[PDB]
Amino acid sequence: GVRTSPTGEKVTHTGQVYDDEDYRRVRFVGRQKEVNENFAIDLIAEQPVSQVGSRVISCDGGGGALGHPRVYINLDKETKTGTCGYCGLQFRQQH
Amino acid sequence: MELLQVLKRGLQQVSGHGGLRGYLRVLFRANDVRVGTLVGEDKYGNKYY
Amino acid sequence: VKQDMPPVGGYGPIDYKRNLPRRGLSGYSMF
Amino acid sequence: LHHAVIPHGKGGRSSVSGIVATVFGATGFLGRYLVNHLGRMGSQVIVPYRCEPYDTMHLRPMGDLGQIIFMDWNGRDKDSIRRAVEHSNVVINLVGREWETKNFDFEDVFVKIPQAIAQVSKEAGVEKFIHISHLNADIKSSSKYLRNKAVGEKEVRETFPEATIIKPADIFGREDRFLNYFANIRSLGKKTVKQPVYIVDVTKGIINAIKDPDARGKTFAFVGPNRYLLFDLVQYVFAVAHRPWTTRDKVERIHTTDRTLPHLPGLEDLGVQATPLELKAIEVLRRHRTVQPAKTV
Amino acid sequence: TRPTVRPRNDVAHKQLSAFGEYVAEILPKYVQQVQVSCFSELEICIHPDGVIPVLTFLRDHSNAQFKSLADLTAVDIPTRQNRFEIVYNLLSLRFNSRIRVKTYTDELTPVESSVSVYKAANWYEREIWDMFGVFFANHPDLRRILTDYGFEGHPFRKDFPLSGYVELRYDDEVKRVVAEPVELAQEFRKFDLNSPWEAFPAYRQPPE
Amino acid sequence: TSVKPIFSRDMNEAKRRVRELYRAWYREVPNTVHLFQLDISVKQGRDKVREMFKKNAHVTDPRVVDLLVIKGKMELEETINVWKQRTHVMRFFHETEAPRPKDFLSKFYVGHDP
Amino acid sequence: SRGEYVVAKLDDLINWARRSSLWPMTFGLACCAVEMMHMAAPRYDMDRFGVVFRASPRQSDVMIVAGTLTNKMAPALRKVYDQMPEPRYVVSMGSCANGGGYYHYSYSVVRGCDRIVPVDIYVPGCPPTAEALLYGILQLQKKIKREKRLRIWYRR
Amino acid sequence: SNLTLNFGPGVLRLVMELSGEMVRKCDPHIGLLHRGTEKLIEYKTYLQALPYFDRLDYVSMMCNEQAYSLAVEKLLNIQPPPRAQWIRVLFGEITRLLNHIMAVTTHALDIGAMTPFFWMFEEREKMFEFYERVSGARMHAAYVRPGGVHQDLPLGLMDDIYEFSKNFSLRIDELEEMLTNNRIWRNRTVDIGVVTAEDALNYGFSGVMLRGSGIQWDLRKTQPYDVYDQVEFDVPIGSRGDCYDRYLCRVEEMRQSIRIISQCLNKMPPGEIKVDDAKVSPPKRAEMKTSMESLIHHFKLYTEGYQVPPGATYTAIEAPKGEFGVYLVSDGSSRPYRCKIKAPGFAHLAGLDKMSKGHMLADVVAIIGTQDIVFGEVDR
Amino acid sequence: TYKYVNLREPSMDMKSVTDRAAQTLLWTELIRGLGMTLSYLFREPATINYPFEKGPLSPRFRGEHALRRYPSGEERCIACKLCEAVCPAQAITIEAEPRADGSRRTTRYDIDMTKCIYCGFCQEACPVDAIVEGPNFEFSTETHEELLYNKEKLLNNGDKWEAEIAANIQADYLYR
Ligand SMILES: CCCCCCCCCCCCCCCCCC(=O)OC[C@H](COP(=O)([O-])OCC[N+](C)(C)C)OC(=O)CCCCCCCCCCCCCCCCC
Ligand SMILES: CCCCCCCCCCCCCCCCCC(=O)OC[C@H](COP(=O)(O)OCCN)OC(=O)CCCCCCCCCCCCCCCCC
Ligand SMILES: CCCCCCCCCCCCCCCCCC(=O)OC[C@H](COP(=O)(O)OCCN)OC(=O)CCCCCCCCCCCCCCCCC
Ligand SMILES: NC(=O)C1=CN([C@@H]2O[C@H](COP(=O)(O)OP(=O)(O)OC[C@H]3O[C@@H](n4cnc5c(N)ncnc54)[C@H](OP(=O)(O)O)[C@@H]3O)[C@@H](O)[C@H]2O)C=CC1
Ligand code: SF4
Ligand code: SF4
Ligand code: SF4
Ligand SMILES: [Zn+2]
């Protein structure tokens with residue numbers, strides 16, 4: 001989900017772009033500004049919300065010990081989904 | 001005689017690189033002319049033996 | 001459990017001494 | 001004034017001086033010590049280079065990481081000049097040749113390229129422009145060097161009206177072609193009077209001209225403290241160097257007297273004490289060794 | 001407490017305590033403290049006038065024979081008025097034992113050099129001159145050994161900063177490596193790591 | 001207040017040792033300018049020696065000036081024997097260091113340092 | 001033109017000779033030197049590239065700074081660099097030579113040998129492997145291969 | 001008068017006072033690799049201070065790791081598990097092979113025998129493959145830690161160590177064929193650098209520098225650490241105190257290291273490799289990601305580090321260059337208050353001036369070879 | 001428990017004296033050394049053909065750093081600063097904030113690869129396997145600042161080398 005400033009410089013996933021009058025753009029002259037174009041905030045929004053039949057769900061991020069520490073997410077709010085604080089996968093109680 | 005087997009292994013290296021042209025190709029690009037089993041080729045043309 | 005271990009009978013004997021094999025003719029024979 | 005160009009630090013290598021300099025001709029004799037004195041303050045120095053990048057290697061230890069940006073440029077390419085100057089707040093011109101080549105005569109090096117750099121720096125919004133003429137630049141001069149350098153001074157002044165133009169007399173240093181020319185000539189003695197100026201004095205004058213807002217639109221004449229005749233100067237060079245490539249234009253310039261311009265400001269008006277030759281001639285001419293000082297006028 | 005705990009050696013503890021009593025009563029003119037750690041290492045804390053008589057004793061006495069000087073060390077402790085703690089580590093090959101001899105000095109009191117006892121000390125206390133500033137009297141050639149030749153200050157003092165006061169670079173104007181005041185592109189990030197909870201109640205100091 | 005001396009019992013013996021160290025540096029400066037092929041004069045090096053001696057001129061403790069004489073003898077031994085290079089001799093002349101702002105107003109202009 | 005082709009072929013010739021006869025002077029300062037000794041060891045064998053083992057400093061073509069550059073040795077490094085005949089190159093090997101490394105915040109360590117000498121190739125690692133050092137030497141050979149000395153001479 | 005030669009800048013400065021061919025005075029100027037390691041250790045945790053020890057004697061990495069680990073474990077009043085101790089002795093003797101290959105082959109290379117250098121550095125490359133397979137790094141493994149070792153042996157590593165060790169004695173035999181009976185090698189080493197036993201004790205020498213002079217001292221025998229009292233080996237003892245007996249002692253120590261490695265491969269026990277005190281050694285990653293206590297302990301050990309109880313130890317090992325010591329002072333915090341590093345090469349290079357008197361200038365490079373000097377540990 | 005290297009008294013009968021005289025005059029051990037050098041002349045050398053052949057490595061190998069992702073594209077790094085706390089060189093510089101969906105993510109993740117000691121304490125301190133020290137060792141640069149990696153470079157190294165990094169972690173995580 002990369003975009004471009006009016007200077008022609010790409011904006012990173014942080015939101016960093018130099019100003020037009022900033023001299024430090026001269027480091028990219030004849031070279032390139034290395035950005036990663038796989039924005040993690042856009043890719044985790046592409047994941048579907050997991051409908052589970054429990055009140056409390058556990059997430060370890062997949063892979064068992066290859067994921068993150070296993071946390072427990074409450075799903076009592078029906079207004080909001082329950083988001084994992086590590087991996088950003090989100091859960092909803094189906095009732 | 002086992003020197004004849006050495007010379008035949010050299011000649012079959014020449015034959016196994018597809019003739020003298022491919023032999024000299026791998027000689028000047030690789031500094032190495034020994035033949036191997038082609039394990040694979042990636043999407044770039046790098047061949048793995 | 002599965003762990004890096006020696007085999008059941010252990011490993012074979014490993015040489016560790018000097019082996020300078022004493023080759024050549026005698027000093028009488030070399031003159 | 002943008003926040004990234006506010007000065008910070010104590011003026012050392014990792015500091016921020018707030019100077020973003022594009023130094024054309026930085027791979028030469030003056031550019032060496034100018035990029036040295038800029039990089040030790042913590043300036044952003046853009047070095048456009050024409051030569052092999054190997055020949056720019058000595059410019060790389062002169063500043064902190066990312067403080068010298070090297071980029072290709074061509075003197076007849078305004079796109080490369082604009083590519084080099086559009087982020088800078090000062091552009092220094094040090095482009096020069098003592099001889100004319102097959103591709104570049106004195107009009108290309110001293111008129112066309114300085115007017116191109118000054119015009120492109122004017123239309124890129126560069127605040128400060130420093131141009132280096134010669135003290136003996138005259139339209140009616142006998143040498144093609146000084147004629148084209150006077151014409152280029154006039155064109156730089158008329159296309160960048162706030163340019164600081166600097167007149168050095170004859171710059172001596174370790175990599176000069178003034179004392180090293182006399183020490184390797186082993187042409188004669190005439191009635192020519194010279195006051196040669198030291199290279200660190202010239203560099204301090206250029207950097208004080210960057211920092212002084214009163215130096216905009218001025219014409220400075222950087223001269224040494226002592227005027228010498230040419231004959232006893234050359235004899236002093238052969239005396240210090242322990243001794244018993246040229247062209248006729250260089251001979252016309254060695255036999256051209258360094259004019260006195262009291263109406264122009266000098267090194268003292270930029271806060272620079274002009275170092276005499278006798279303190280620094282040993283430092284130059286120690287290389288030529290396999291002394292009573294010269295008489296001033 | 002068997003598998004994860006280091007086993008205590010009570011025999012060596014008792015032997016080193018008896019030998020510490022032995023040294024303390026043979027040399028009461030200089031011995032100030034004698035202590036044995038829980039991992040059985042003997043420390044003889046002495047007055048600095050007895051550097052030569054104690055170390056010559058331990059080198060030459062038939063029940064000591066500490067012939068080897070393993071290491072000679074200073075420790076800077078700025079809260080003491082004698083901030084430097086000179087540490088001798090000695091090895092007896094005859095009795096297969098180690099002893100530590102500790103003394104003290106401030107910045108201005110010279111310690112007597114022990115080169116006449118152990119020639120091994122010749123560089124070590126020379127290092128103590130370079131790193132801490134402790135002068136050793138009657139040293140044969142006392143000078144710097146590890147710092148640069150024009151180095152100002154003594155770096156292993158705890159009020160000496162981690163990066164120094166000067167740094168070097170090549171300067172092409174003077175064609176020379178030059179020393180300038182230190183500027184770091186990234187400051188060393190000081191970490192405050194100490195937990196505010198007491199770790200070891202056995203080492204609790206009595207309050208005011 | 002009863003401390004152990006280093007070499008000098010009082011300040012007069014200490015001034016004697018200071019004076020002999022100054023004599024030795026004064027004799028050594030021309031040889032140092034010659035063999036390191038320095039670009040300074042003998043007068044300039046002797047002025048630097050006088051500056052380094054006058055920098056410590058406020059000290060009234062005999063042990064401190066004994067250590068100053070000891071460190072000056074160490075620097076002199078590193079100079080006579082060619083253990084220093086030309087760079088170490090020229091570090092006394094802070095030539096590449098720009099002059100610091102001295103008055104209040106220029107220190108106000110350049111930054112925050114008092 | 002004709003002269004442009006001639007100076008292009010002569011650039012290719014002299015760049016071939018200089019990259020296929022690189023003679024290194026290795027500053028064996030610290031642990032990296034050991035790994036340089038593994039790049040001369042028979043597995044990697046720098047000598048088959050034309051890269052001789054331990055050329056003398058007055059006939060060497062590249063200075064390999066392999067180890068921590070302290071303040072006490074930086075003038076000796078600069079002196080040996082100044083005594084090298086041109087064309088001289090500098091490979092910085094390992095983290096302490098590159099930027100100070102594990103001793104970056106030390107009072108006695110030069111924060112990268114690029115404060116002292118101009119550096120062509122930075123070889124990262126602590127230590128970089130002998131194969132990574134050989135990679136850096138081959139990258140230096142590729143950098144020499146695209147030099148344009150006579151073409152820039154013909155265009156100036 | 002007599003000639004003064006300043007042999008400028010491992011790297012060493014030497015100030016020779018020669019009287020023709022003879023050496024009258026040898027003044028080694030050092031500090032060319034002084035990096036202030038043990039001041040940097042005071043601003044880092046114990047785990048953070050560990051990789052500085054790889055870089056002191058940088059041909060004896062895991063031995064210095066072992067000495068620092070033994071010092072910290074002594075102050076922590078904990079002991080490593082038995083398999084960790086056997087891995088430490090196995091890799092300590094692999095490390096001893098590495099260092100004595102470096103010692104003997106560069107000592108032969110500096111004298112002029114350049115070929116067994118190349119022969120033995122391929123074996124040294126295979127042992128660096130062993131380091132890389134066990135830790136991920138060829139040289140600075142950071143593998144032996146306070147509490148044990150960082151990670152267990154990968155499967156199939158001990159078989160490859162066996163395949164190395166089964167063939168390495170023939171490599172020692174052909175090194176010894178090139179050098180030991182060679183009259184040119186004997187003329188450069190037999191009457192060179194003779195140290196008496198009393199002067200070697202008095203000058204703080206250790207290791208082969210004692211044992212070449214006939215002193216029957218080895219810290220793996222006399223003051224034994226991890227499981228060296230459970231392995232059987234001999235201690236080579238010299239008779240003349242010269243360069244040649246110290247050469248033979250290093251060759252026979254390679255023999256005995258192969259012997260110890262065979263015993264370690266046969267007697268490797270099962271079990272864990274860190275101490276099972278999770279307030280010292282970090283827990284496994286599977287239980288760090290499952291247990292609350294394990295995650296807290298992981299967090300605190302990798303940010304604060306373990307607190308070490310206050311006190312000072314002098315912990316020494318028989319490193320391949322000699323007695324390698326750490327005088328470690330803890331104030332109670334999670335960072336060392338003081339860490340003096342005793343290196344053997346420091347006292348050995350201090351004794352260089354006595355060892356070189358009455359010899360030639362070509363003998364001095366042989367004496368600097370027989371004192372196995374790495375200036376990382378000399379200068380810190 | 002000890003042995004005497006070089007404590008042999010040579011035999012002084014005429015047989016052994018003549019043996020040593022024949023060794024002295026006829027250069028026997030020198031011909032032995034020439035035989036050993038000739039023996040290595042006819043061995044296959046240990047030289048691999050770099051760059052076409054590579055030195056063998058393990059999946060534990062500590063090379064170029066990379067920031068990894070979950071199998072959804074979400075980056076693993078949750079800005080806990082354990083890697084920069086444990087970093088013995090202080091090579092890691094981290095700044096963080098909540099991003100637009102409230103997630104705890106870094107805005108700065110810098111690794112100075114010229115301070116870095118390549119010891120891998122960051123990857124073992126990392127609770128979520130975010131920072132890894134991957135398998136690449138062939139990343140020499142021509143300029144010093146190309147080895148001052150920001151977060152974009154490290155995430156591109158992760159996206160570049162993940163197919164290899166995940167399989168190396170798969171081979172070794174049961175030892176961790
Ligand atoms: C065409 C081929 C020509 C070359 C042929 C040889 C090629 C291979 C050479 C390989 C080795 C090269 C090594 C280079 C360095 C050499 C060092 C060296 O050897 O130094 C010389 C060594 C020096 O020995 P040294 O000094 O090391 O031994 C100690 C000796 N003392 C105890 C006395 C001090 O030997 C010689 O000097 C021998 C010289 C040659 C003698 C030749 C044999 C003569 C036999 C005559 C008959 C005797 C019969 C018995 C008596 C009765 C008589 C009636
Ligand atoms: C008594 C006998 C003495 C003998 C002395 C000499 C011994 C060695 C003889 C030579 C041995 C073989 C050398 C081969 C050299 C490499 C040739 C080659 O392939 O070069 C390739 C290179 C680039 O070609 P390019 O077109 O870019 O390739 C892309 C292809 N798609 O293209 C080029 O580099 C351009 C072509 C270069 C050709 C060089 C050939 C070798 C010259 C050696 C000098 C001596 C010649 C013999 C003298 C004695 C006999 C007369
Ligand atoms: C008008 C036109 C002519 C102008 C004047 C030129 C006269 C002829 C000069 C020689 C030929 C010019 C071209 C030189 C080579 C250019 C192409 C080149 O570099 O090809 C590269 C190729 C090897 O590829 P590389 O990149 O090295 O591979 C990495 C390793 N895997 O390289 C190779 O395969 C080998 C290249 C060999 C180069 C030629 C042989 C040496 C030169 C012989 C003549 C000069 C020396 C005379 C005698 C000197 C003393 C013996
Ligand atoms: N005695 C003196 O030195 C005096 C000099 N001046 C003037 O000061 C200036 C700087 O002097 P100095 O350093 O000594 O001169 P140099 O000859 O040493 O360097 C001149 C610089 O200009 C570059 N240059 C030359 N011609 C061209 C061109 N056609 N296109 C692009 N770049 C070019 C050179 O680059 P490259 O290396 O690629 O050729 C070099 O970097 C000059 O203008 C000179 O006239 C004035 C008074 C006295
Ligand atoms: S970068 Fe690392 S391994 Fe290399 S010399 Fe430095 S400390 Fe030693
Ligand atoms: S490998 Fe070590 S030095 Fe490098 S970033 Fe990770 S923790 Fe820091
Ligand atoms: S330890 Fe891992 S999750 Fe924590 S800040 Fe570092 S890379 Fe991110
Ligand atoms: Zn999750």
# chains A, B, ... in the order shown; residues from 1 in each chain; ligands from 1

$ residues_near_ligand --ligand "ligand 7" --cutoff "6 Å" --atoms "only C-alpha atoms and all ligand atoms" --output "list in words"
residues 77, 78, 79, 80, 81, 82, 83, 125, 126, 127, 128, 130 and 131 of chain I

$ residues_around --residues "region 62-73 of chain G" --least-positions-apart "4" --cutoff "7 Å" --atoms "only C-alpha atoms" --output "ChimeraX atom specification"
/E:148,168 /G:22-33,77,88-94,96-97,108-110,113 /H:31-35

$ residues_around --residues "residue 162 (chain D)" --least-positions-apart "2" --cutoff "8 Å" --atoms "only C-alpha atoms" --output "VMD selection string"
chain D and resid 128 to 129 157 160 164 216 to 218

$ atom_distance --atom1 "CA of residue 53 (chain F)" --atom2 "CA of residue 29 (chain F)"
14.1 Å

$ residues_near_ligand --ligand "ligand 8" --cutoff "12 Å" --atoms "only C-alpha atoms and all ligand atoms" --output "ChimeraX atom specification"
/A:44,50,57-73,82-91 /H:289 /I:70-72,74-76,78,103,128

$ write_last_selection --atoms "C-alpha atoms" --output "PDB file, in the first residue's frame"
ATOM      1  CA  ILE A  44      -3.187  -8.242   8.317  1.00  0.00           C
ATOM      2  CA  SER A  50     -11.955 -16.247  12.680  1.00  0.00           C
ATOM      3  CA  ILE A  57      -9.731 -18.214  22.348  1.00  0.00           C
ATOM      4  CA  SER A  58      -5.989 -18.873  22.368  1.00  0.00           C
ATOM      5  CA  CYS A  59      -3.552 -17.638  19.734  1.00  0.00           C
ATOM      6  CA  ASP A  60       0.088 -18.601  19.347  1.00  0.00           C
ATOM      7  CA  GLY A  61       0.455 -17.328  15.771  1.00  0.00           C
ATOM      8  CA  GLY A  62       0.604 -20.763  14.171  1.00  0.00           C
ATOM      9  CA  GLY A  63       3.466 -23.236  14.046  1.00  0.00           C
ATOM     10  CA  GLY A  64       3.382 -23.869  17.799  1.00  0.00           C
ATOM     11  CA  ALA A  65       6.822 -22.929  19.100  1.00  0.00           C
ATOM     12  CA  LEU A  66       7.540 -21.178  15.788  1.00  0.00           C
ATOM     13  CA  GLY A  67       4.939 -18.499  16.514  1.00  0.00           C
ATOM     14  CA  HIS A  68       4.603 -16.120  19.446  1.00  0.00           C
ATOM     15  CA  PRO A  69       3.853 -16.678  23.176  1.00  0.00           C
ATOM     16  CA  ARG A  70       0.399 -18.181  23.528  1.00  0.00           C
ATOM     17  CA  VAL A  71      -2.103 -15.572  24.668  1.00  0.00           C
ATOM     18  CA  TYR A  72      -5.767 -15.810  25.577  1.00  0.00           C
ATOM     19  CA  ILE A  73      -8.264 -13.406  24.044  1.00  0.00           C
ATOM     20  CA  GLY A  82     -10.743  -9.820  19.703  1.00  0.00           C
ATOM     21  CA  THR A  83      -7.323  -9.016  18.272  1.00  0.00           C
ATOM     22  CA  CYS A  84      -4.105 -10.858  19.075  1.00  0.00           C
ATOM     23  CA  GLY A  85      -1.572  -8.409  20.483  1.00  0.00           C
ATOM     24  CA  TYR A  86       1.309 -10.238  18.790  1.00  0.00           C
ATOM     25  CA  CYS A  87       0.221 -11.304  15.311  1.00  0.00           C
ATOM     26  CA  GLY A  88      -2.842  -9.137  14.714  1.00  0.00           C
ATOM     27  CA  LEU A  89      -5.142 -12.031  13.831  1.00  0.00           C
ATOM     28  CA  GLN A  90      -8.631 -11.237  15.032  1.00  0.00           C
ATOM     29  CA  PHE A  91     -11.388 -13.430  16.384  1.00  0.00           C
TER      30      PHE A  91
ATOM     31  CA  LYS H 289       6.212 -19.241  24.525  1.00  0.00           C
TER      32      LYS H 289
ATOM     33  CA  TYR I  70       4.006 -14.271  10.121  1.00  0.00           C
ATOM     34  CA  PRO I  71       2.357 -16.427   7.413  1.00  0.00           C
ATOM     35  CA  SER I  72      -0.118 -13.609   6.783  1.00  0.00           C
ATOM     36  CA  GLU I  74       2.127  -9.280   9.311  1.00  0.00           C
ATOM     37  CA  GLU I  75       5.623  -8.587  10.590  1.00  0.00           C
ATOM     38  CA  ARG I  76       6.648 -10.522  13.668  1.00  0.00           C
ATOM     39  CA  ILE I  78       6.266  -6.279  18.285  1.00  0.00           C
ATOM     40  CA  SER I 103      -0.613  -2.557  16.907  1.00  0.00           C
ATOM     41  CA  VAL I 128       8.552 -14.051  18.339  1.00  0.00           C
TER      42      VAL I 128
END

$ residues_around --residues "residue 89 (chain D)" --least-positions-apart "3" --cutoff "10 Å" --atoms "only C-alpha atoms" --output "MDAnalysis selection string"
(chainID A and resid 23) or (chainID D and resid 5 18:22 44 85:86 121 124:129 210)

$ residues_near_ligand --ligand "ligand 6" --cutoff "9 Å" --atoms "only C-alpha atoms and all ligand atoms" --output "number ranges by chain"
G: 101-102, 126; H: 48; I: 62-65, 83-92, 111-125, 131-133

$ write_last_selection --atoms "N, CA and C atoms" --output "short mmCIF file (atom, residue, chain, number, x, y, z; two decimals), in the first residue's frame"
data_model
loop_
_atom_site.label_atom_id
_atom_site.label_comp_id
_atom_site.auth_asym_id
_atom_site.auth_seq_id
_atom_site.Cartn_x
_atom_site.Cartn_y
_atom_site.Cartn_z
N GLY G 101 33.03 -1.77 15.48
CA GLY G 101 32.61 -3.11 15.85
C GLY G 101 32.23 -3.22 17.31
N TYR G 102 32.80 -4.23 17.95
CA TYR G 102 32.52 -4.52 19.35
C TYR G 102 33.24 -3.55 20.27
N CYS G 126 32.00 -10.74 11.79
CA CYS G 126 32.83 -10.70 12.99
C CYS G 126 33.22 -12.10 13.43
N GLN H 48 26.46 -10.37 27.94
CA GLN H 48 27.02 -9.43 26.98
C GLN H 48 28.54 -9.36 27.04
N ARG I 62 25.28 -17.93 11.25
CA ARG I 62 24.96 -16.56 11.62
C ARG I 62 25.53 -15.63 10.55
N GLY I 63 24.66 -15.17 9.65
CA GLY I 63 25.08 -14.31 8.57
C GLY I 63 24.41 -12.95 8.56
N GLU I 64 23.65 -12.65 7.51
CA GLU I 64 23.04 -11.34 7.37
C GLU I 64 21.70 -11.31 8.08
N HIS I 65 21.42 -10.20 8.76
CA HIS I 65 20.21 -10.05 9.54
C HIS I 65 18.98 -9.88 8.66
N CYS I 83 16.06 -7.38 21.80
CA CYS I 83 17.23 -7.55 20.96
C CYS I 83 18.21 -6.40 21.13
N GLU I 84 17.72 -5.17 21.30
CA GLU I 84 18.65 -4.08 21.52
C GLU I 84 19.12 -4.00 22.97
N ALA I 85 18.36 -4.58 23.90
CA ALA I 85 18.85 -4.67 25.27
C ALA I 85 19.98 -5.67 25.38
N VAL I 86 19.86 -6.81 24.69
CA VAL I 86 20.87 -7.86 24.81
C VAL I 86 22.06 -7.63 23.89
N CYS I 87 21.93 -6.73 22.90
CA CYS I 87 22.92 -6.54 21.84
C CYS I 87 24.25 -6.11 22.44
N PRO I 88 25.27 -6.97 22.36
CA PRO I 88 26.54 -6.67 23.05
C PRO I 88 27.28 -5.52 22.43
N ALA I 89 27.00 -5.20 21.18
CA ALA I 89 27.65 -4.10 20.49
C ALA I 89 26.84 -2.82 20.51
N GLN I 90 25.62 -2.86 21.05
CA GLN I 90 24.59 -1.83 20.87
C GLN I 90 24.42 -1.47 19.39
N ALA I 91 24.35 -2.49 18.56
CA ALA I 91 24.18 -2.29 17.13
C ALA I 91 22.74 -2.01 16.74
N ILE I 92 21.78 -2.27 17.62
CA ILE I 92 20.36 -2.19 17.30
C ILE I 92 19.80 -0.92 17.92
N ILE I 111 20.00 -1.70 12.40
CA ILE I 111 21.15 -2.49 12.80
C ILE I 111 22.37 -1.95 12.07
N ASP I 112 23.29 -1.37 12.82
CA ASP I 112 24.60 -1.02 12.30
C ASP I 112 25.38 -2.32 12.14
N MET I 113 25.50 -2.78 10.89
CA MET I 113 26.21 -4.02 10.59
C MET I 113 27.71 -3.89 10.77
N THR I 114 28.23 -2.68 10.94
CA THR I 114 29.63 -2.46 11.23
C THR I 114 29.91 -2.32 12.72
N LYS I 115 28.88 -2.17 13.55
CA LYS I 115 29.04 -2.40 14.97
C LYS I 115 28.79 -3.85 15.33
N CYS I 116 27.88 -4.50 14.60
CA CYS I 116 27.38 -5.84 14.88
C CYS I 116 28.49 -6.87 14.98
N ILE I 117 28.40 -7.72 16.00
CA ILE I 117 29.42 -8.73 16.22
C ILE I 117 28.97 -10.10 15.76
N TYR I 118 27.76 -10.19 15.20
CA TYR I 118 27.27 -11.36 14.48
C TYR I 118 27.16 -12.58 15.39
N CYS I 119 26.87 -12.33 16.66
CA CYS I 119 26.84 -13.37 17.67
C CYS I 119 25.45 -13.96 17.86
N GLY I 120 24.43 -13.36 17.28
CA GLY I 120 23.11 -13.94 17.31
C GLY I 120 22.39 -13.87 18.63
N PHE I 121 22.77 -12.96 19.52
CA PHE I 121 22.04 -12.84 20.78
C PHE I 121 20.67 -12.22 20.55
N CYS I 122 20.53 -11.44 19.49
CA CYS I 122 19.24 -10.83 19.16
C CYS I 122 18.22 -11.86 18.72
N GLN I 123 18.64 -12.85 17.93
CA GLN I 123 17.67 -13.83 17.46
C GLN I 123 17.28 -14.81 18.56
N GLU I 124 18.14 -15.02 19.55
CA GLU I 124 17.77 -15.88 20.66
C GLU I 124 17.04 -15.12 21.75
N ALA I 125 17.20 -13.80 21.82
CA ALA I 125 16.41 -12.99 22.72
C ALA I 125 15.03 -12.68 22.16
N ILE I 131 13.61 -10.88 14.54
CA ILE I 131 14.96 -10.69 14.05
C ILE I 131 15.63 -12.06 13.98
N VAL I 132 16.23 -12.35 12.84
CA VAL I 132 17.04 -13.54 12.69
C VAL I 132 18.34 -13.12 12.05
N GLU I 133 19.33 -13.93 12.26
CA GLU I 133 20.60 -13.76 11.60
C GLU I 133 20.63 -14.85 10.54
#

$ residues_near_ligand --ligand "ligand 4" --cutoff "7 Å" --atoms "only C-alpha atoms and all ligand atoms" --output "JSON, numbers by chain"
{"D": [24, 25, 26, 27, 28, 29, 30, 31, 49, 50, 51, 74, 75, 94, 95, 96, 97, 98, 104, 108, 109, 132, 133, 134, 135, 167, 168, 169, 170, 171, 172, 176, 177, 178], "G": [156]}

$ residues_around --residues "residue 114 (chain E)" --least-positions-apart "6" --cutoff "10 Å" --atoms "only C-alpha atoms" --output "list in words"
residues 51, 52, 53, 55, 56, 120, 121, 122, 125, 136, 137, 138 and 139 of chain E

$ closest_residue --among "H:125, H:2, H:354, H:23" --to "residue 47 (chain I)" --atoms "only C-alpha atoms"
H:125

$ residues_near_ligand --ligand "ligand 1" --cutoff "8 Å" --atoms "only C-alpha atoms and all ligand atoms" --output "MDAnalysis selection string"
(chainID C and resid 31) or (chainID H and resid 183:184 187) or (chainID I and resid 24:27 30:31 34)

$ closest_atom_pairs --of "chain B" --to "ligand 3" --cutoff "7 Å" --atoms "only C-alpha atoms and all ligand atoms" --output "JSON lines"
{"residue": "B:28", "atom": "CA", "partner": "ligand 3", "partner_atom_place_in_ligand_line": "34 (O)", "distance": 6.8}
{"residue": "B:29", "atom": "CA", "partner": "ligand 3", "partner_atom_place_in_ligand_line": "31 (N)", "distance": 5.4}
{"residue": "B:30", "atom": "CA", "partner": "ligand 3", "partner_atom_place_in_ligand_line": "31 (N)", "distance": 6.3}
